[PDB]
file work.cif (mmCIF, N, CA and C atoms and all ligand atoms)
data_model
#
loop_
_atom_site.label_atom_id
_atom_site.label_comp_id
_atom_site.auth_asym_id
_atom_site.auth_seq_id
_atom_site.Cartn_x
_atom_site.Cartn_y
_atom_site.Cartn_z
N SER A 1 55.41 -193.72 17.85
CA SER A 1 55.56 -195.07 18.40
C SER A 1 54.25 -195.85 18.27
N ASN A 2 53.99 -196.59 19.35
CA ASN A 2 52.78 -197.42 19.38
C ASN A 2 51.85 -197.07 20.54
N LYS A 3 52.36 -197.29 21.74
CA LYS A 3 51.53 -197.05 22.93
C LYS A 3 50.41 -196.08 22.63
N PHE A 4 50.58 -195.31 21.58
CA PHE A 4 49.63 -194.30 21.11
C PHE A 4 48.52 -194.91 20.26
N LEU A 5 48.91 -195.90 19.49
CA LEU A 5 48.04 -196.63 18.58
C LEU A 5 46.83 -197.20 19.30
N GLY A 6 45.66 -196.93 18.75
CA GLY A 6 44.39 -197.40 19.30
C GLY A 6 43.32 -196.31 19.28
N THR A 7 42.23 -196.61 19.97
CA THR A 7 41.09 -195.71 20.10
C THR A 7 41.05 -195.18 21.54
N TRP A 8 40.99 -193.87 21.67
CA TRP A 8 40.95 -193.25 23.01
C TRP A 8 39.66 -192.42 23.09
N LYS A 9 39.11 -192.29 24.28
CA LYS A 9 37.89 -191.50 24.50
C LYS A 9 38.17 -190.43 25.56
N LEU A 10 37.70 -189.23 25.32
CA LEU A 10 37.90 -188.13 26.28
C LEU A 10 37.25 -188.50 27.61
N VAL A 11 37.92 -188.21 28.69
CA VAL A 11 37.48 -188.50 30.05
C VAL A 11 37.40 -187.25 30.92
N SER A 12 38.45 -186.45 30.94
CA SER A 12 38.54 -185.21 31.72
C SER A 12 39.21 -184.11 30.88
N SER A 13 38.68 -182.91 31.03
CA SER A 13 39.17 -181.72 30.34
C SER A 13 39.32 -180.55 31.32
N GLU A 14 40.30 -179.71 31.03
CA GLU A 14 40.60 -178.55 31.89
C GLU A 14 41.12 -177.37 31.10
N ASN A 15 40.56 -176.21 31.38
CA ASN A 15 40.86 -174.92 30.77
C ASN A 15 40.78 -174.95 29.24
N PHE A 16 39.89 -175.71 28.66
CA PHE A 16 39.79 -175.80 27.18
C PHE A 16 39.09 -174.58 26.62
N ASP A 17 38.18 -174.03 27.41
CA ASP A 17 37.42 -172.84 26.97
C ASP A 17 38.40 -171.71 26.65
N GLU A 18 39.39 -171.54 27.52
CA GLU A 18 40.39 -170.49 27.35
C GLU A 18 41.43 -170.86 26.32
N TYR A 19 41.60 -172.15 26.06
CA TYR A 19 42.60 -172.51 25.02
C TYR A 19 41.99 -172.03 23.70
N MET A 20 40.72 -172.38 23.50
CA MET A 20 39.96 -172.00 22.29
C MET A 20 39.91 -170.47 22.22
N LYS A 21 39.46 -169.92 23.34
CA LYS A 21 39.34 -168.46 23.48
C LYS A 21 40.61 -167.80 22.95
N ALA A 22 41.72 -168.26 23.49
CA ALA A 22 43.06 -167.79 23.17
C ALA A 22 43.48 -168.12 21.74
N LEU A 23 42.71 -168.96 21.07
CA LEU A 23 43.04 -169.34 19.68
C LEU A 23 42.32 -168.38 18.74
N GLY A 24 41.29 -167.78 19.31
CA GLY A 24 40.43 -166.81 18.63
C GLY A 24 39.07 -167.39 18.29
N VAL A 25 38.80 -168.60 18.74
CA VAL A 25 37.49 -169.21 18.45
C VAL A 25 36.37 -168.39 19.09
N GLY A 26 35.29 -168.23 18.34
CA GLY A 26 34.11 -167.48 18.78
C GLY A 26 33.06 -168.35 19.45
N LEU A 27 32.37 -167.75 20.40
CA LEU A 27 31.31 -168.32 21.21
C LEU A 27 30.68 -169.61 20.70
N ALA A 28 30.11 -169.56 19.51
CA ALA A 28 29.42 -170.66 18.85
C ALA A 28 30.21 -171.96 18.91
N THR A 29 31.31 -171.97 18.19
CA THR A 29 32.23 -173.10 18.11
C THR A 29 32.69 -173.57 19.49
N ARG A 30 32.73 -172.64 20.42
CA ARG A 30 33.15 -172.89 21.80
C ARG A 30 32.09 -173.64 22.58
N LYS A 31 30.83 -173.26 22.47
CA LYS A 31 29.78 -173.98 23.23
C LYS A 31 29.79 -175.45 22.82
N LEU A 32 30.06 -175.65 21.55
CA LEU A 32 30.13 -177.01 20.97
C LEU A 32 31.42 -177.67 21.44
N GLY A 33 32.49 -176.91 21.35
CA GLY A 33 33.84 -177.34 21.73
C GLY A 33 33.88 -177.93 23.13
N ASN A 34 33.23 -177.23 24.04
CA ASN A 34 33.15 -177.58 25.45
C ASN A 34 32.28 -178.80 25.72
N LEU A 35 31.17 -178.88 25.03
CA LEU A 35 30.17 -179.92 25.14
C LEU A 35 30.50 -181.25 24.51
N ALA A 36 31.71 -181.46 24.05
CA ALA A 36 32.03 -182.71 23.37
C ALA A 36 33.03 -183.62 24.04
N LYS A 37 32.77 -184.89 23.82
CA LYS A 37 33.60 -185.99 24.30
C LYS A 37 34.09 -186.71 23.04
N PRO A 38 35.12 -186.12 22.46
CA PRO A 38 35.73 -186.64 21.24
C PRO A 38 36.33 -188.03 21.48
N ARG A 39 36.53 -188.71 20.38
CA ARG A 39 37.15 -190.02 20.26
C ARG A 39 38.34 -189.82 19.29
N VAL A 40 39.49 -190.29 19.69
CA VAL A 40 40.71 -190.16 18.86
C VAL A 40 41.15 -191.56 18.45
N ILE A 41 41.57 -191.68 17.20
CA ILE A 41 42.03 -193.00 16.70
C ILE A 41 43.36 -192.83 16.00
N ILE A 42 44.39 -193.19 16.75
CA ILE A 42 45.78 -193.11 16.24
C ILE A 42 46.05 -194.43 15.54
N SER A 43 46.56 -194.36 14.32
CA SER A 43 46.84 -195.59 13.54
C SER A 43 48.10 -195.37 12.70
N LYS A 44 48.78 -196.48 12.46
CA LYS A 44 50.02 -196.49 11.68
C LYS A 44 49.99 -197.44 10.50
N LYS A 45 50.25 -196.88 9.33
CA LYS A 45 50.33 -197.65 8.08
C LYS A 45 51.64 -197.25 7.40
N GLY A 46 52.59 -198.17 7.48
CA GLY A 46 53.93 -197.91 6.90
C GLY A 46 54.65 -196.95 7.87
N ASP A 47 54.92 -195.76 7.36
CA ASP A 47 55.59 -194.70 8.12
C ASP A 47 54.69 -193.47 8.23
N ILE A 48 53.44 -193.64 7.81
CA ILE A 48 52.45 -192.57 7.88
C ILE A 48 51.49 -192.90 9.03
N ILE A 49 51.44 -191.96 9.95
CA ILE A 49 50.61 -192.04 11.15
C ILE A 49 49.35 -191.19 10.95
N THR A 50 48.26 -191.73 11.47
CA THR A 50 46.96 -191.07 11.39
C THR A 50 46.38 -190.81 12.77
N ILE A 51 45.87 -189.61 12.93
CA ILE A 51 45.21 -189.14 14.14
C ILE A 51 43.83 -188.63 13.69
N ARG A 52 42.82 -189.32 14.20
CA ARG A 52 41.44 -188.98 13.82
C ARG A 52 40.53 -188.67 14.98
N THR A 53 40.00 -187.46 14.96
CA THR A 53 39.10 -186.94 15.99
C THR A 53 37.68 -186.87 15.42
N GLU A 54 36.85 -187.66 16.08
CA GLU A 54 35.45 -187.84 15.79
C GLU A 54 34.57 -187.36 16.94
N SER A 55 33.56 -186.65 16.51
CA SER A 55 32.54 -186.04 17.35
C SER A 55 31.31 -185.76 16.48
N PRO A 56 30.17 -185.75 17.13
CA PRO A 56 28.91 -185.49 16.44
C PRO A 56 29.02 -184.25 15.56
N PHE A 57 29.61 -183.23 16.14
CA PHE A 57 29.83 -181.91 15.61
C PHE A 57 30.87 -181.74 14.53
N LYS A 58 31.94 -182.52 14.58
CA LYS A 58 32.99 -182.33 13.56
C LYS A 58 34.02 -183.44 13.59
N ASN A 59 34.65 -183.59 12.44
CA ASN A 59 35.69 -184.60 12.21
C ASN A 59 37.01 -183.93 11.84
N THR A 60 38.04 -184.76 12.01
CA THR A 60 39.42 -184.30 11.76
C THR A 60 40.37 -185.47 11.67
N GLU A 61 41.10 -185.53 10.58
CA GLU A 61 42.10 -186.57 10.31
C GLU A 61 43.38 -185.84 9.87
N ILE A 62 44.50 -186.38 10.24
CA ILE A 62 45.83 -185.86 9.90
C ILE A 62 46.76 -187.07 9.69
N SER A 63 47.52 -186.97 8.63
CA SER A 63 48.49 -187.99 8.24
C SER A 63 49.85 -187.34 8.07
N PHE A 64 50.73 -187.79 8.95
CA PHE A 64 52.11 -187.28 9.00
C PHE A 64 53.13 -188.41 9.16
N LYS A 65 54.34 -187.93 8.99
CA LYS A 65 55.60 -188.67 9.12
C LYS A 65 56.32 -187.89 10.23
N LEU A 66 56.75 -188.57 11.27
CA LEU A 66 57.47 -187.84 12.34
C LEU A 66 58.66 -187.13 11.67
N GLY A 67 58.94 -185.93 12.11
CA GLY A 67 60.06 -185.16 11.59
C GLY A 67 59.68 -184.28 10.41
N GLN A 68 59.03 -184.88 9.43
CA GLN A 68 58.61 -184.14 8.23
C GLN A 68 57.56 -183.09 8.61
N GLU A 69 57.53 -182.05 7.80
CA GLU A 69 56.59 -180.94 7.96
C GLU A 69 55.35 -181.18 7.10
N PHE A 70 54.22 -180.70 7.58
CA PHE A 70 52.95 -180.91 6.83
C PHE A 70 52.00 -179.74 7.07
N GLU A 71 51.01 -179.69 6.19
CA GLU A 71 49.96 -178.67 6.26
C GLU A 71 48.68 -179.35 6.75
N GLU A 72 48.23 -178.82 7.86
CA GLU A 72 47.05 -179.31 8.58
C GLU A 72 45.98 -178.24 8.66
N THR A 73 44.74 -178.67 8.46
CA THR A 73 43.59 -177.76 8.58
C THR A 73 43.00 -178.16 9.96
N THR A 74 42.96 -177.19 10.84
CA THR A 74 42.47 -177.47 12.21
C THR A 74 40.97 -177.63 12.19
N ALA A 75 40.43 -177.93 13.37
CA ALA A 75 38.98 -178.11 13.54
C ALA A 75 38.32 -176.73 13.56
N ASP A 76 39.18 -175.72 13.66
CA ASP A 76 38.73 -174.32 13.72
C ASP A 76 39.05 -173.53 12.47
N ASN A 77 39.20 -174.24 11.37
CA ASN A 77 39.43 -173.64 10.05
C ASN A 77 40.78 -173.04 9.80
N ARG A 78 41.71 -173.15 10.73
CA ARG A 78 43.06 -172.61 10.58
C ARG A 78 43.86 -173.50 9.61
N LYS A 79 44.77 -172.86 8.90
CA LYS A 79 45.66 -173.53 7.94
C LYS A 79 47.09 -173.36 8.48
N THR A 80 47.57 -174.42 9.07
CA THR A 80 48.82 -174.61 9.77
C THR A 80 49.93 -175.41 9.14
N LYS A 81 51.14 -175.09 9.55
CA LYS A 81 52.42 -175.70 9.16
C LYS A 81 52.91 -176.48 10.41
N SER A 82 52.49 -177.72 10.51
CA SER A 82 52.82 -178.56 11.66
C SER A 82 53.95 -179.55 11.42
N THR A 83 54.58 -179.88 12.53
CA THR A 83 55.68 -180.83 12.66
C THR A 83 55.39 -181.68 13.92
N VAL A 84 55.69 -182.95 13.82
CA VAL A 84 55.45 -183.90 14.94
C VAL A 84 56.74 -184.68 15.21
N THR A 85 57.16 -184.55 16.44
CA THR A 85 58.38 -185.13 17.00
C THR A 85 58.12 -186.08 18.16
N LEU A 86 59.06 -187.01 18.31
CA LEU A 86 59.04 -188.00 19.38
C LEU A 86 60.19 -187.70 20.35
N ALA A 87 59.84 -187.28 21.55
CA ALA A 87 60.84 -186.95 22.57
C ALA A 87 60.51 -187.51 23.95
N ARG A 88 61.24 -188.57 24.26
CA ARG A 88 61.16 -189.28 25.54
C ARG A 88 59.73 -189.59 25.93
N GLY A 89 59.13 -190.50 25.18
CA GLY A 89 57.80 -191.00 25.33
C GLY A 89 56.63 -190.16 24.96
N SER A 90 56.79 -188.87 24.72
CA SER A 90 55.64 -188.01 24.36
C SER A 90 55.78 -187.55 22.90
N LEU A 91 54.65 -187.44 22.23
CA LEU A 91 54.53 -186.99 20.84
C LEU A 91 54.23 -185.47 20.87
N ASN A 92 55.27 -184.67 20.79
CA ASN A 92 55.07 -183.20 20.79
C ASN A 92 54.61 -182.78 19.40
N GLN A 93 53.74 -181.79 19.34
CA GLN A 93 53.22 -181.27 18.05
C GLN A 93 53.34 -179.75 18.02
N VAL A 94 53.78 -179.25 16.87
CA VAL A 94 53.96 -177.81 16.67
C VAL A 94 53.13 -177.37 15.47
N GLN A 95 52.33 -176.36 15.73
CA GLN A 95 51.42 -175.71 14.77
C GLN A 95 51.83 -174.24 14.65
N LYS A 96 52.17 -173.83 13.44
CA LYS A 96 52.57 -172.42 13.22
C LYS A 96 51.70 -171.79 12.14
N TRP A 97 51.30 -170.56 12.41
CA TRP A 97 50.45 -169.80 11.47
C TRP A 97 50.63 -168.30 11.69
N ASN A 98 50.72 -167.63 10.54
CA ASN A 98 50.96 -166.15 10.60
C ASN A 98 52.27 -166.08 11.40
N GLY A 99 52.24 -165.52 12.58
CA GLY A 99 53.46 -165.45 13.42
C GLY A 99 53.16 -166.13 14.76
N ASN A 100 51.97 -166.73 14.82
CA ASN A 100 51.52 -167.42 16.03
C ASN A 100 52.04 -168.86 16.04
N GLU A 101 51.94 -169.42 17.24
CA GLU A 101 52.40 -170.81 17.44
C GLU A 101 51.86 -171.46 18.70
N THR A 102 51.38 -172.69 18.49
CA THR A 102 50.81 -173.52 19.57
C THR A 102 51.41 -174.92 19.56
N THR A 103 51.47 -175.50 20.75
CA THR A 103 52.03 -176.82 21.00
C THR A 103 51.07 -177.78 21.69
N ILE A 104 51.09 -179.01 21.18
CA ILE A 104 50.28 -180.12 21.70
C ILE A 104 51.20 -181.29 22.03
N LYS A 105 51.17 -181.68 23.29
CA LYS A 105 51.99 -182.78 23.80
C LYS A 105 51.10 -183.93 24.28
N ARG A 106 51.45 -185.10 23.79
CA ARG A 106 50.78 -186.36 24.06
C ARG A 106 51.75 -187.33 24.75
N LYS A 107 51.53 -187.48 26.04
CA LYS A 107 52.30 -188.36 26.91
C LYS A 107 51.36 -189.43 27.49
N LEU A 108 51.98 -190.55 27.82
CA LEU A 108 51.35 -191.74 28.38
C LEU A 108 51.60 -191.81 29.89
N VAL A 109 50.50 -191.86 30.62
CA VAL A 109 50.45 -191.87 32.08
C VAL A 109 49.47 -192.88 32.65
N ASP A 110 50.01 -193.94 33.22
CA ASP A 110 49.23 -195.02 33.83
C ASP A 110 48.13 -195.55 32.89
N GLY A 111 48.50 -195.81 31.67
CA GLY A 111 47.61 -196.35 30.64
C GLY A 111 46.51 -195.38 30.24
N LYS A 112 46.87 -194.13 30.38
CA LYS A 112 46.09 -192.94 30.05
C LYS A 112 46.98 -192.04 29.18
N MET A 113 46.30 -191.29 28.35
CA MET A 113 46.97 -190.34 27.45
C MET A 113 46.62 -188.96 28.01
N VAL A 114 47.67 -188.21 28.24
CA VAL A 114 47.47 -186.85 28.78
C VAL A 114 47.86 -185.87 27.67
N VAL A 115 46.84 -185.16 27.24
CA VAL A 115 46.98 -184.15 26.19
C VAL A 115 47.12 -182.79 26.88
N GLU A 116 48.28 -182.20 26.64
CA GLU A 116 48.66 -180.87 27.14
C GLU A 116 48.77 -179.94 25.92
N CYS A 117 47.96 -178.91 25.97
CA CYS A 117 47.81 -177.88 24.95
C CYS A 117 48.25 -176.52 25.51
N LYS A 118 49.21 -175.93 24.83
CA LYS A 118 49.73 -174.62 25.23
C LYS A 118 49.61 -173.63 24.07
N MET A 119 49.16 -172.44 24.43
CA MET A 119 48.97 -171.34 23.49
C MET A 119 49.22 -170.01 24.22
N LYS A 120 50.50 -169.73 24.28
CA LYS A 120 51.02 -168.50 24.89
C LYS A 120 50.29 -168.11 26.15
N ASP A 121 50.84 -168.55 27.29
CA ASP A 121 50.17 -168.13 28.55
C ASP A 121 48.93 -168.96 28.84
N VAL A 122 48.78 -170.06 28.12
CA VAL A 122 47.63 -170.92 28.34
C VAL A 122 47.94 -172.40 28.12
N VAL A 123 47.49 -173.13 29.13
CA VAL A 123 47.60 -174.59 29.14
C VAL A 123 46.21 -175.14 29.50
N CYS A 124 45.91 -176.21 28.81
CA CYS A 124 44.65 -176.97 29.00
C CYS A 124 45.14 -178.42 29.05
N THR A 125 44.51 -179.22 29.89
CA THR A 125 44.86 -180.62 30.08
C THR A 125 43.60 -181.47 29.89
N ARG A 126 43.64 -182.29 28.87
CA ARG A 126 42.56 -183.21 28.51
C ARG A 126 43.08 -184.63 28.69
N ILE A 127 42.35 -185.41 29.48
CA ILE A 127 42.73 -186.81 29.73
C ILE A 127 41.85 -187.74 28.88
N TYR A 128 42.49 -188.78 28.38
CA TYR A 128 41.87 -189.79 27.54
C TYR A 128 42.20 -191.21 28.05
N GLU A 129 41.19 -192.04 27.88
CA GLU A 129 41.17 -193.46 28.22
C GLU A 129 41.15 -194.29 26.94
N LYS A 130 41.77 -195.46 27.00
CA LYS A 130 41.87 -196.34 25.83
C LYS A 130 40.61 -197.19 25.66
N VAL A 131 40.20 -197.23 24.42
CA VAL A 131 39.11 -197.85 23.74
C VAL A 131 37.77 -197.14 23.97
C1 LIG B 1 38.67 -181.44 19.93
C2 LIG B 1 38.25 -181.20 18.47
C3 LIG B 1 36.74 -181.43 18.34
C4 LIG B 1 35.99 -180.21 18.90
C5 LIG B 1 34.82 -179.85 17.97
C6 LIG B 1 34.44 -178.39 18.20
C7 LIG B 1 35.36 -177.50 17.35
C8 LIG B 1 36.75 -177.40 18.02
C9 LIG B 1 37.08 -175.91 18.20
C10 LIG B 1 38.59 -175.69 18.50
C11 LIG B 1 39.37 -177.02 18.54
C12 LIG B 1 40.84 -176.74 18.92
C13 LIG B 1 41.71 -178.00 18.64
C14 LIG B 1 41.53 -179.02 19.79
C15 LIG B 1 42.85 -179.76 20.09
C16 LIG B 1 42.56 -180.97 21.03
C17 LIG B 1 43.21 -182.23 20.43
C18 LIG B 1 42.82 -183.55 21.16
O1 LIG B 1 42.07 -183.31 22.18
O2 LIG B 1 43.16 -184.75 20.83
#
call {"tool": "encode", "arguments": {"input": "work.cif", "output": "structure tokens", "more": "lines below"}}
Ligand SMILES: CCCCCCCC/C=C\CCCCCCCC(=O)O
result
Amino acid sequence: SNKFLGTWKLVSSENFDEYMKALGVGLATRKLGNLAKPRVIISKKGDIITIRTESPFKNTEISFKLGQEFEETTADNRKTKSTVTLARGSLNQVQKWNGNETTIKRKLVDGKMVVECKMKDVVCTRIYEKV
């Protein structure tokens, strides 16, 4: 949709250390992971949507079509088979690799974006503010 379109800045994070931990990320990447206030820039050109995560430490851009499947390289070097769906105001995301699987849900709450990350027995909640 749109409500997503714009520039968002990280404001609050919760249980991210364990989300990473649970992803298999090692100490190094984690100290950095924890210490960052990323900026996300969702943009739409035609039917291709872009999600861009910027931080001093690392960048990440992804271009998808809702419904269609795509190959995404994570910020942690993983090579994933992701799908992005629109279900009742939230942009759910599915990442599959090997036999593992993680989900990222982006919902709009009081002009805030609430990012919910689940990885088997683990949820982390990162809040973002617009602009
Ligand atoms: C939040 C990505 C930028 C962090 C840089 C440090 C390297 C990240 C290590 C593991 C990242 C796991 C993927 C994070 C998903 C969060 C998505 C979002 O917050 O919009």
call {"tool": "residues_near_ligand", "arguments": {"input": "work.cif", "ligand": "ligand LIG 1 (chain B)", "cutoff": "5 Å", "atoms": "only N, CA and C atoms and all ligand atoms", "output": "PyMOL selection string"}}
result
chain A and resi 32-33+75-76
call {"tool": "atom_distance", "arguments": {"input": "work.cif", "atom1": "atom C of residue 127 in chain A", "atom2": "CA of residue 17 in chain A"}}
result
15.7 Å
call {"tool": "residues_around", "arguments": {"input": "work.cif", "residues": "residue 118 in chain A", "least_positions_apart": "5", "cutoff": "5 Å", "atoms": "all atoms listed in the file", "output": "PyMOL selection string"}}
result
chain A and resi 102-103+123
call {"tool": "residues_around", "arguments": {"input": "work.cif", "residues": "range 97-101 of chain A", "least_positions_apart": "5", "cutoff": "6.5 Å", "atoms": "only N, CA and C atoms", "output": "list in words"}}
result
residues 79, 80, 81, 118, 119 and 120 of chain A
call {"tool": "atom_distance", "arguments": {"input": "work.cif", "atom1": "atom C of residue 56 in chain A", "atom2": "atom N of residue 41 in chain A"}}
result
14.7 Å
call {"tool": "residues_around", "arguments": {"input": "work.cif", "residues": "range 50-52 of chain A", "least_positions_apart": "3", "cutoff": "6.5 Å", "atoms": "only N, CA and C atoms", "output": "VMD selection string"}}
result
chain A and resid 39 to 45 60 to 64
call {"tool": "closest_residue", "arguments": {"input": "work.cif", "among": "A:112, A:57, A:125, A:78", "to": "residue 28 in chain A", "atoms": "only C-alpha atoms"}}
result
A:57
